[PDB]
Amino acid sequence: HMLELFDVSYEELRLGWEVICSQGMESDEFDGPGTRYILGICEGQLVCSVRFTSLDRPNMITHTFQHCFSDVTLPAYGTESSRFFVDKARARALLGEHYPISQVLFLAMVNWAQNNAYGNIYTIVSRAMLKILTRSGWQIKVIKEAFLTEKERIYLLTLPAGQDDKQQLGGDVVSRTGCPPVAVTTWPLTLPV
């Protein structure tokens, strides 16, 4: 058993490779050149993933939810993660139950961010996702709470990707999975499940 987290550009996107794709999020307006993805693969299958888009290219903050956050100043340089995906049922079956695939992808996100020159990451999450990010210990920053609907609250967040954040999620995954300490410091990531 082994867990691989690494990134691929849209530009890069045999049997197992289509199994992965057959398990991926069906595209949208923001899936094109420039867009990168982090894929979590265990025994030839997609267990989790997340998408990264440049802040200056069209994205969910600048377009989809324009009316919601047009009052927030956005840096010229940056990345927005989205389509945070985790298949809990498949992770359990491959990485055993109680495995923190969620905390791992967060770690993969910080590590990928450092490897690509991003101090932090901008994202739009749902109330629930916010609850999880909060519980993860990751020192996220709500830039603005907005109302999608009458009761639907969504948030614009900055996810810290400094060394402290990396070590913090790393140490978390360690004492949690008991995996080798150096295994959470690299990019790409590779975890013994």
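A residue's number is simply how far along the shown sequence it sits, counting from 1.
The stretch of deposited sequence separating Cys21 from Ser22 contains no residues lacking coordinates in this entry. When the C-alpha B-factors of 88-96 and 111-119 are averaged, 88-96 comes out higher. The PDB entry records a higher mean C-alpha B factor for 73-81 than for its counterpart among 73-81 and 102-110.
Across the residues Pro160, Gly137, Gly32, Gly40, the deposited record lists the maximum Cα B factor for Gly32.
In this entry, the residue among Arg127, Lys141, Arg51, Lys151 with the greatest C-alpha B factor is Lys151. When the modelled residues of the chain are ordered by their C-alpha B factor, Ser27 lands in the highest third. Placement of the Cα temperature factor of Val173 within the chain: middle third of the modelled residues, per the deposited record.
Sort the modelled residues of the chain by CA B factor and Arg57 lands in the highest third. Remark: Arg36 belongs to the lowest third of its chain, ranked by C-alpha B-factor as recorded. Among the modelled residues of its chain, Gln45 has a C-alpha B-factor that falls in the lowest third, as given in the PDB entry.
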